[PDB]
Amino acid sequence: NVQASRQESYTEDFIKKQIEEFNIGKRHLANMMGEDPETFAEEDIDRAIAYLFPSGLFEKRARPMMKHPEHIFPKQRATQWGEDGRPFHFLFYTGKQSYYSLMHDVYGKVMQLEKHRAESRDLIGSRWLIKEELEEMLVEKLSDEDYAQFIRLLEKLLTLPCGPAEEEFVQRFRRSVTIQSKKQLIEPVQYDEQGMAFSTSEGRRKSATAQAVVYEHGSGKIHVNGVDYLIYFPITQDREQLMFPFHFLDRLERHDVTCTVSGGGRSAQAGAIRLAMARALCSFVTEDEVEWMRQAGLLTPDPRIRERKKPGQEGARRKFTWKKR
Amino acid sequence: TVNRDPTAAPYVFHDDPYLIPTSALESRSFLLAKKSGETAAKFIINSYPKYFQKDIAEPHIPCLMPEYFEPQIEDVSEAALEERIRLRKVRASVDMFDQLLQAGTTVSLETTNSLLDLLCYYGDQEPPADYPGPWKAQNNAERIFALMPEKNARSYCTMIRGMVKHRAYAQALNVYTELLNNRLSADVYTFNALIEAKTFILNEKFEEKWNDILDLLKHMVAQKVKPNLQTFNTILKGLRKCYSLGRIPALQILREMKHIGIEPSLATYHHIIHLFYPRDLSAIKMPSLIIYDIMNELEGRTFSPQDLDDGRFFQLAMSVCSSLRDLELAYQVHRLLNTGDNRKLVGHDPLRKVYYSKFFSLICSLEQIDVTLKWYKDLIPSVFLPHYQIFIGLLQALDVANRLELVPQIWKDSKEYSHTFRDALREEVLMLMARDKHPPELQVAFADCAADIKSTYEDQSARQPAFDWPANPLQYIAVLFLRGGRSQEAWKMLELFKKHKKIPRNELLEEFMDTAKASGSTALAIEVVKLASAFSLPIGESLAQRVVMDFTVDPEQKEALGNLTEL
Amino acid sequence: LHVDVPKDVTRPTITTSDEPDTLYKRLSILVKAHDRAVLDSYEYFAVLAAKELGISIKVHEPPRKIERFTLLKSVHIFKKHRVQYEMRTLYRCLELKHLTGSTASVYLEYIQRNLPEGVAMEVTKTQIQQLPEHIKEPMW
Amino acid sequence: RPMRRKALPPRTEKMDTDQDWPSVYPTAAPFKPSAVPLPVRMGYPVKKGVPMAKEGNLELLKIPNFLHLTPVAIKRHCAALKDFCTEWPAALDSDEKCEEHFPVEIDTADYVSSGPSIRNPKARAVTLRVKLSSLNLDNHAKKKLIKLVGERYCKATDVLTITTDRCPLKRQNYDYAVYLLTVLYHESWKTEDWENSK
Amino acid sequence: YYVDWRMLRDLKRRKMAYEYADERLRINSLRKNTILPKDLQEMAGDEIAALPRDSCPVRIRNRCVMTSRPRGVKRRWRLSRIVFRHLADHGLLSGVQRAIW
Amino acid sequence: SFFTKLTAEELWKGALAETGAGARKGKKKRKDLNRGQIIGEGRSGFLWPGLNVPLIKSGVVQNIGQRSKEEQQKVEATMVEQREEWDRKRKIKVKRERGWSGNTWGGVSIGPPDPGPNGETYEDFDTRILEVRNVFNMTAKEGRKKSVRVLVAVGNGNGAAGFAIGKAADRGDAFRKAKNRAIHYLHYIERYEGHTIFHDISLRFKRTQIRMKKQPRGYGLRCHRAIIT
Amino acid sequence: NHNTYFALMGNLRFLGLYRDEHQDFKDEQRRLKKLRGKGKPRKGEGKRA
Amino acid sequence: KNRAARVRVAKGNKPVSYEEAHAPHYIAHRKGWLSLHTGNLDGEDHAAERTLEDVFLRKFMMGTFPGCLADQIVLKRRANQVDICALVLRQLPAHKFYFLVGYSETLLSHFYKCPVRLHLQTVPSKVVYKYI
RNA sequence: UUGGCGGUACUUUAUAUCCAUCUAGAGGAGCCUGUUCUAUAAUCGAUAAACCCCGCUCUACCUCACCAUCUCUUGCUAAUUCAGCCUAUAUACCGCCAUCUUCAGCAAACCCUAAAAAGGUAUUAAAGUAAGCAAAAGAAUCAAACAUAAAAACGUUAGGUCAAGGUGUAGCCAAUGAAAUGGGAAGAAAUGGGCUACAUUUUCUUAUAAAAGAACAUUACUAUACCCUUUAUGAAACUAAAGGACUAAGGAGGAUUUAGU
Ligand SMILES: [K+]
Ligand SMILES: [Mg+2]
Ligand SMILES: [Mg+2]
Ligand SMILES: [Mg+2]
Ligand SMILES: [Mg+2]
Ligand SMILES: [Mg+2]
Ligand SMILES: [Mg+2]
Ligand SMILES: [Mg+2]
Ligand SMILES: [Mg+2]
Ligand SMILES: [Mg+2]
Ligand SMILES: [Mg+2]
Ligand SMILES: [Mg+2]
């Protein structure tokens, strides 16, 4: 008994009407955009809505949407009993009919395997589904203790002898682990009008950006912005930074590089070239060497950039003096 | 590129379900409150102009600036009089003109004529306006005309026109005689007013009257004055009085119009139609065929406003089509309205609803139901909101096509147009639905419609204590409930015959009994007997005997039934 | 309309003059807006409109501009506490080529009249003409 | 006793799926939930809630909709607008071909903004660009023309740029730049006695 | 009624400087050069002084158009920081948002 | 200036000073000034067709007009009367019955309990208050928090009755909680011939002794005021 | 032009086409203040003679 | 604590609309701009004049439709045209709206010397985004 | 039965922090700037943390609210025995904020208790439940992350602001209102913050931060002071900049304190 509106819940009759309007919505949206209604799809709908209702709101949940009711409306709002009031599932009164119905099946499988009576690593590089994924399969809220108990039961199933039916079952709750390989992506090897091989790669340090063009065969002649490298870089430390890629792979005096660095200062421009050269030099080295470069810092872009000044303090971190009290 | 939206009201009306005109009254009332707010705003702007004078619009917009109508020239000079004449003030200009004469300062004949034009046209009365007329023998116009030292053709011409406009036909003709005696020459506009005068005056002999009007035309050629469209339009409008004898003269005029080179306008045909197709025409046996020829002549042509009766043509043409019961001609007339921008000459508010009402009524009568329903969606509501009689014609058409499945939908449409509480319409909907039997699905649909029409009676009864349920609707609503799986509701409605003291019909009473036999409920069968006894209907006794044989009556029922039989 | 359709719609009068027409080598249309999505819809509408009239069009996105300024948060004192505000301007350049003067007026009118609210245009016509008759021949 | 008016059902219900939508939205109008037959929703949704509906939606009203501009309308619109367009001369099929016959390039700028005033000060400026190769200039003339114009001449492109914004209107600034070219050209050909002392 | 008596005085200063703009331009031109005799320049130095003080355009102060606040005004909108924040924080200024970066 | 004018909601918010440092830790009354104003009505007395007067009268399309000085003075005085009458209406109220005293809640009817889950109305039941305690505890919200404990009883006068305690921070909430809780704890009391107990009853509940006696008809209820209720 | 806005809106309020919640708020505070005897004195008849 | 344009929490009984619920930092993220003109774009003029005209147009519409506005109005300037889009409660009779539309449009077109149109969407009652 | 604070000083805890570690400063000199004090005919407010380059992203006149002197009395508006009021109370308030604070709580409606002043957890589970607000998430810094910004409820300080504006109550209406002219001064003073120098990792010059040639302790380094010229803005130079000399002190700054991962 409060002014806050009563819980808004959706019946099967309500969602059913929301799906008829959506189906009639598609036929109108198709007629607007001049497309054929039969083939009009979810992808075309989202594109049409973006043209007819251009919104530049940064958060995409707040933009106009004409989606199917299944997506927008919470799925876990379906009638669980009939007209006579008798629930449909024998575990209705537990409050977690779907979680306990699943724990009922897995416990019955375990009993038959134990009564009836090889390597268990049938699948590798897989993980157990996270609670958020499980909650989606069950379509009901689970607690952290409920998730832990389900996994322990599934593990016990794997320990026991498993027929092909059991392996398919546990597969449903095994999700492929992401295979993000931190391995450098080698650039192609183009050919010049003369016919010499060369690779190109970009590099960015602070505000400086470089575009190197390493040549497979050379005597070590580096030209920066159409100038020599001793002239362009009068500082010793800046030249050393250009030496690091080649010296590491013992490839000094074997390549001819032509660089074009714009932006930043003297040190930031040398660093930008170093990464650009290291990435272009990848095409002319063995894969074992490319990994050696990656593990020495030569292929990682440096993310350190100047931080903004903050209002009310002298600098990015420097604070105004705390006046003597 | 764009066409009319069939599901939208006219663009003038605000696009909102709450603000869309339901009926024809709200259509006119909504366009009179809008104009009222426009006039309220212009009053504030024209009364406190200092607040609406800053101009920030480049280029400058003249029509969004305050208007000033009061003279700002204070000195009494011929120039100041000219300002008042330009501003169209009649009394102020007369005062300053007389003051100029009192001083004796020279006044140009052209300026004195601009004063007479204003006075003659407004007939000595201030221009009509809104804020928080026969010719008078003693008036400023005639007095100023006499004071004029030097007279010219225009001066006499202005007097002749102002007199005719303000119903001074006899005097205007006398003024024209003076113009001839002075040997001056009139203009086309003055000749048109003189012809309008002879016609309006009632001459005992038409042959003399016609020969007189022709004499004015003969003096138009002696003075080398060429006629215009209005000249011929005026003559034909006068001929509409003598329908019988004006037919041959009227055709002769139109042939002369083309030879001269004047192009007949929509107004010129509007007059010939009236003269050949009289509304009060007893001789309908053999109507004239001229309307067919005109439509062929005007087929595909585009027309522009060139007279003051152009709008009248389309409304008159549709009327003649309905009288002749020719739907092919109605399509040609409507097709002409669609060519180019002819739609602009359909007519104003009084005549726009007559044209389409006449048109749509003709469609339903003489058009296939499939085509009739296409026109129904196009014209309504976008073009016009129809009155209830339009729906009675539509429902009658549905009945003639054996498509009564659509009667429930027509009712829902009718409610939007303010026919929800119309007694005649509610009686027609129920009548057609319950006139004959139907398949179970159709009967169930009609039953839902019957429930909706019942709610209108119930809600109406709640508002009005002195409410009467007409007898026929009661029978129709009860029958439909029995036939469509709503028998329980029909038994409750049986009591309403007694509450309103309406005499149940013999057919309805026996129908209730038939349903009772299938149900097998003797109690329900005896309930019918109770109502028959109330109104002392003779069949009630026979019905009671019928119940005795139809059902086995318990001893308690025998005593109760016997009492009712005695009653 | 299902059965009721105009018969001979009236069309505007276009009269060919005897004056020669302007020749625009290039015509750059720089539209500006706070919202990128609006530019995408206008970019689609303008590119589709150009293609339908036979005009040659290219599109690129000039770098966006963001202007930031600081204000004082409190009505009184409390200097160190500020509030910052920004305005973002986004650009879409429609580079048209080889347009006569009649084609550039009708196209610009059509797309200028349909310019959404909050969008500003900057047309930069580039006309090409012959040399002045005096300059053609050196005269002393 | 007082009677409150009842709103009619939205006219979207009466709209067919094969309607002529261009007729529904002829020109730019605000989003009208009673005229747009689409179940569109907009708004960040509350927890366990869906985005708000179209009816009474201020966010959808704040959007500059393109319902008036649909692919079906635009094609029907441009079809009518074809009679206005004129054909570009086929011979001028390349940029170099244009420089051959029409060496003079005149830049003029228009500006479109929202407000009561159509005035922009930047619209008066005009810029003339001509290549000296296109001009008939003797070896003496070209050297004199390049010294007089100063930084207006670009050696890399050999283009002379005359920008005139001093006059109030665009027709005056345009006529002035053409004038500047004639005097510079004719003066360059003229030879003065003091020039022999270079 | 303007916001306060200070805004009214400034409004008059702005309307009298517009009246005397041409005059103060022509006379002041005679002084901002080295081509005319110093006797004439000294005399124009006195004609400019003789014009009314409110004709001088350096006595105009930019004040918030809605609250007549002398300082804290933003010239692009002619509003004080306090009034500008009320309109910006409510979505009433077209394109103004908070700066997060 | 027209630009320094604020809305009514903000003007009353400031004047009332409800949210303030003094209010929370320790009289002005709000008024609505648009209550009697009819759109289109001004001091000058202009008449606007379609806004404050009929658009059409006796078939005549009306035009703008203004009321005379005498007519307008009547309208101003009439509205002043209606405003004064509205103030009288605010003062007026329908007196309800007191309980065992005039300033106490004991014995006061608060109506029937609220409807049930499936439209189970309880119009046949009456609710009576027996004790109302305003007790203060010590929570950080106010330092010393506020609490209202309400004991109520319900019965249909036909043998079924129950009691419950409802606690809340607001008295109105404590009434609802107690009133709807008691409907779930309905005892059925056996009455001899519908007017008295079947036999003498003597009992001690904790330190409270009750001693009831069966009596003949017409004797009435001679009992503690709470027992009579 | 602050005079144009203040004057125009004041005129509209007297025609009944505009409602100033602020002014009605002030109009009633003066009415109540005058009843309490704290109303504005007449010019030339102030407390000081 | 920041007090700017925040409808503070009550005890779950205050009905806030979508516009009212979102604080200033959600501008351009979850909620858009009520006025859309070209005067705050880069290298554009007359920001001061567009902002002042909006302030007046908002006070004018409130007084002209007193108690009949369900939410803040939306102002759209295209070329010299001004468009006012307001959600209005269905309190007043229909014909009264036709008067106020004709009056408010004509008056505002002669005051700012631009074409002004009023677009009114009628709601049965204020739309509540959440109860706070 | 609760709430509190007492000496919660005890165990873990903070993370540019309490001490320790590290770097550059402040504390000394010269100036710039705020405040207090003295003081003037001459604003006001802020004034421990959470004031002191604060309202001011800005005072030669204007700004201006201050003081002296002279003047106006229906005195901005359509109307009004009305206009106007920076007049007192931020201890009547709105509005917009500081603070604890990127702290983690605030918790409505129901249900249960051998009566409840209150409480309501156990997961191999024992009476709690299904929803909000903040956090998280999301979005912004235009790949990705991280980081930074932004966000941070309820209370605490009757904290700050009637002088952004609006407003309750009380006060002034020939004056506490309006306008004009000219002033709103200073320091053998204390203190907060900033700036420059004290030099050799330096000074000057050319390049450019590469390299080179000179200077290098009595004025070598070293005056954003005073003074002297020219110049820009302005009606007004009392302002700012650029030169010119004049050049004094200062030789790296006690206890002590600020910022930075
Ligand atoms: K406060
Ligand atoms: Mg630093
Ligand atoms: Mg200044
Ligand atoms: Mg008492
Ligand atoms: Mg204070
Ligand atoms: Mg001063
Ligand atoms: Mg002064
Ligand atoms: Mg004062
Ligand atoms: Mg992110
Ligand atoms: Mg967060
Ligand atoms: Mg004073
Ligand atoms: Mg000077």
# chains A, B, ... in the order shown; residues from 1 in each chain; ligands from 1
$ residues_near_ligand --ligand "ligand 10" --cutoff "9 Å" --atoms "only C-alpha atoms (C1' of nucleotides) and all ligand atoms" --output "number ranges by chain"
I: 135-138, 151-152
$ select_by_dssp --residues "region 17-223 of chain F" --states "alpha helix (DSSP H)" --output "PyMOL selection string"
chain F and resi 21-25+69-91+171-182
$ write_last_selection --atoms "N, CA, C and O atoms" --output "compact mmCIF listing (two decimals), in the first residue's frame"
# COMPACT_ATOMS: atom_id res chain seq x y z
N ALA F 21 17.24 23.84 7.80
CA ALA F 21 18.00 23.39 8.97
C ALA F 21 17.15 23.44 10.23
O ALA F 21 17.22 22.54 11.07
N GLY F 22 16.34 24.49 10.39
CA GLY F 22 15.50 24.59 11.56
C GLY F 22 14.39 23.56 11.58
O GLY F 22 14.07 22.99 12.64
N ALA F 23 13.78 23.29 10.43
CA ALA F 23 12.62 22.40 10.38
C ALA F 23 12.98 21.00 10.86
O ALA F 23 12.24 20.39 11.64
N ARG F 24 14.11 20.47 10.40
CA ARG F 24 14.43 19.07 10.69
C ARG F 24 14.77 18.87 12.16
O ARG F 24 14.30 17.92 12.79
N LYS F 25 15.59 19.76 12.74
CA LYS F 25 16.03 19.62 14.12
C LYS F 25 15.32 20.58 15.07
O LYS F 25 15.67 20.64 16.25
N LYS F 69 -17.93 48.44 -16.71
CA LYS F 69 -17.30 48.59 -15.40
C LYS F 69 -18.20 48.05 -14.30
O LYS F 69 -17.72 47.46 -13.32
N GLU F 70 -19.52 48.23 -14.44
CA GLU F 70 -20.45 47.69 -13.45
C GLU F 70 -20.48 46.17 -13.53
O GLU F 70 -20.44 45.48 -12.50
N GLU F 71 -20.56 45.62 -14.75
CA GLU F 71 -20.61 44.17 -14.90
C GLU F 71 -19.34 43.51 -14.39
O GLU F 71 -19.40 42.46 -13.75
N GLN F 72 -18.18 44.12 -14.66
CA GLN F 72 -16.93 43.53 -14.21
C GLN F 72 -16.81 43.57 -12.69
O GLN F 72 -16.29 42.63 -12.08
N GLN F 73 -17.28 44.65 -12.06
CA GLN F 73 -17.20 44.75 -10.61
C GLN F 73 -18.01 43.65 -9.94
O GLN F 73 -17.62 43.11 -8.90
N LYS F 74 -19.16 43.29 -10.53
CA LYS F 74 -19.94 42.17 -10.01
C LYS F 74 -19.16 40.87 -10.10
O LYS F 74 -19.10 40.10 -9.14
N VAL F 75 -18.53 40.62 -11.26
CA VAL F 75 -17.79 39.37 -11.44
C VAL F 75 -16.63 39.30 -10.46
O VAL F 75 -16.34 38.24 -9.89
N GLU F 76 -15.94 40.42 -10.25
CA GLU F 76 -14.86 40.44 -9.27
C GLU F 76 -15.39 40.15 -7.87
O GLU F 76 -14.78 39.38 -7.12
N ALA F 77 -16.52 40.76 -7.51
CA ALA F 77 -17.09 40.53 -6.19
C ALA F 77 -17.58 39.10 -6.04
O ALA F 77 -17.45 38.49 -4.97
N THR F 78 -18.15 38.53 -7.11
CA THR F 78 -18.63 37.15 -7.05
C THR F 78 -17.48 36.19 -6.80
O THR F 78 -17.60 35.27 -5.98
N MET F 79 -16.36 36.37 -7.50
CA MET F 79 -15.20 35.52 -7.27
C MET F 79 -14.66 35.70 -5.86
O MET F 79 -14.19 34.74 -5.24
N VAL F 80 -14.71 36.92 -5.33
CA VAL F 80 -14.27 37.15 -3.96
C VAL F 80 -15.15 36.39 -2.99
O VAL F 80 -14.67 35.85 -1.98
N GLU F 81 -16.46 36.33 -3.27
CA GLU F 81 -17.35 35.54 -2.43
C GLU F 81 -17.01 34.06 -2.52
O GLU F 81 -16.93 33.37 -1.50
N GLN F 82 -16.79 33.56 -3.74
CA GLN F 82 -16.48 32.14 -3.90
C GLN F 82 -15.18 31.79 -3.19
O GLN F 82 -15.07 30.71 -2.59
N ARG F 83 -14.19 32.67 -3.25
CA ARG F 83 -12.94 32.43 -2.53
C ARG F 83 -13.19 32.40 -1.03
O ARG F 83 -12.68 31.53 -0.32
N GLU F 84 -13.98 33.35 -0.53
CA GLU F 84 -14.30 33.37 0.90
C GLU F 84 -15.10 32.13 1.28
O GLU F 84 -14.91 31.57 2.37
N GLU F 85 -15.99 31.67 0.40
CA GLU F 85 -16.74 30.45 0.68
C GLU F 85 -15.82 29.24 0.71
O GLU F 85 -15.98 28.35 1.55
N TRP F 86 -14.84 29.19 -0.20
CA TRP F 86 -13.90 28.07 -0.21
C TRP F 86 -13.13 28.00 1.10
O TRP F 86 -12.87 26.91 1.62
N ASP F 87 -12.74 29.16 1.64
CA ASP F 87 -12.08 29.18 2.94
C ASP F 87 -12.99 28.61 4.02
O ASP F 87 -12.53 27.87 4.90
N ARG F 88 -14.28 28.94 3.97
CA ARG F 88 -15.23 28.37 4.92
C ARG F 88 -15.31 26.86 4.76
O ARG F 88 -15.40 26.13 5.76
N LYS F 89 -15.28 26.37 3.52
CA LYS F 89 -15.33 24.93 3.29
C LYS F 89 -14.13 24.24 3.91
O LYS F 89 -14.25 23.15 4.48
N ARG F 90 -12.95 24.87 3.82
CA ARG F 90 -11.76 24.28 4.41
C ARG F 90 -11.90 24.16 5.92
O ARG F 90 -11.49 23.16 6.52
N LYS F 91 -12.49 25.18 6.56
CA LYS F 91 -12.70 25.12 8.00
C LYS F 91 -13.69 24.01 8.37
O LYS F 91 -13.52 23.32 9.38
N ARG F 171 1.67 7.04 12.00
CA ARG F 171 0.50 6.46 12.66
C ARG F 171 -0.43 5.81 11.65
O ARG F 171 -0.96 4.72 11.91
N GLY F 172 -0.65 6.45 10.51
CA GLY F 172 -1.55 5.89 9.51
C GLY F 172 -1.10 4.52 9.03
O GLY F 172 -1.93 3.65 8.77
N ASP F 173 0.21 4.32 8.91
CA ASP F 173 0.72 3.02 8.49
C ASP F 173 0.53 1.98 9.58
O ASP F 173 0.18 0.83 9.29
N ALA F 174 0.75 2.36 10.84
CA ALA F 174 0.53 1.43 11.94
C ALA F 174 -0.93 0.98 12.00
O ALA F 174 -1.21 -0.15 12.42
N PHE F 175 -1.86 1.84 11.60
CA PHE F 175 -3.27 1.45 11.57
C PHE F 175 -3.52 0.38 10.51
O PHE F 175 -4.18 -0.63 10.76
N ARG F 176 -2.99 0.60 9.30
CA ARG F 176 -3.18 -0.36 8.22
C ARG F 176 -2.54 -1.70 8.56
O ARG F 176 -3.15 -2.76 8.34
N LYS F 177 -1.32 -1.69 9.09
CA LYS F 177 -0.63 -2.94 9.39
C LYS F 177 -1.38 -3.74 10.45
O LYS F 177 -1.59 -4.95 10.29
N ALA F 178 -1.79 -3.08 11.53
CA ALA F 178 -2.54 -3.78 12.57
C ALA F 178 -3.91 -4.22 12.06
O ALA F 178 -4.34 -5.35 12.34
N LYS F 179 -4.59 -3.36 11.32
CA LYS F 179 -5.95 -3.66 10.89
C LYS F 179 -5.99 -4.88 9.98
O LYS F 179 -6.88 -5.72 10.11
N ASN F 180 -5.04 -4.99 9.05
CA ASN F 180 -5.04 -6.11 8.12
C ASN F 180 -4.42 -7.36 8.72
O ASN F 180 -4.69 -8.47 8.25
N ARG F 181 -3.57 -7.20 9.73
CA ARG F 181 -3.01 -8.37 10.41
C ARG F 181 -4.07 -9.07 11.26
O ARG F 181 -4.10 -10.30 11.31
N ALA F 182 -4.94 -8.30 11.91
CA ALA F 182 -5.93 -8.90 12.81
C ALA F 182 -6.95 -9.75 12.06
O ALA F 182 -7.50 -10.70 12.62
$ residues_near_ligand --ligand "ligand 12" --cutoff "10 Å" --atoms "only C-alpha atoms (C1' of nucleotides) and all ligand atoms" --output "PyMOL selection string"
(chain E and resi 31-32) or (chain I and resi 231-234+236-237)
$ closest_atom_pairs --of "chain F" --to "ligand 4" --cutoff "8 Å" --atoms "only C-alpha atoms and all ligand atoms" --output "JSON lines"
{"residue": "F:101", "atom": "CA", "partner": "ligand 4", "partner_atom_place_in_ligand_line": "1 (Mg)", "distance": 7.3}
{"residue": "F:102", "atom": "CA", "partner": "ligand 4", "partner_atom_place_in_ligand_line": "1 (Mg)", "distance": 4.5}
{"residue": "F:103", "atom": "CA", "partner": "ligand 4", "partner_atom_place_in_ligand_line": "1 (Mg)", "distance": 6.1}
$ write_last_selection --atoms "N, CA and C atoms" --output "short mmCIF file (atom, residue, chain, number, x, y, z; two decimals), in the first residue's frame"
data_model
loop_
_atom_site.label_atom_id
_atom_site.label_comp_id
_atom_site.auth_asym_id
_atom_site.auth_seq_id
_atom_site.Cartn_x
_atom_site.Cartn_y
_atom_site.Cartn_z
N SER F 101 -12.19 8.93 25.50
CA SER F 101 -12.00 10.33 25.84
C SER F 101 -11.97 11.13 24.55
N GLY F 102 -11.78 12.44 24.67
CA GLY F 102 -11.79 13.30 23.51
C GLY F 102 -10.44 13.44 22.84
N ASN F 103 -9.36 13.25 23.59
CA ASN F 103 -8.01 13.38 23.06
C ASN F 103 -7.28 12.04 22.94
#
$ interface_residues --of "chain G" --to "chain B" --cutoff "10 Å" --atoms "only C-alpha atoms" --output "PyMOL selection string"
chain G and resi 1+3-5+7-8+11-12+15+17
$ closest_residue --among "I:71, I:101, I:8, I:87" --to "chain H" --atoms "only C-alpha atoms (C1' of nucleotides)"
I:101
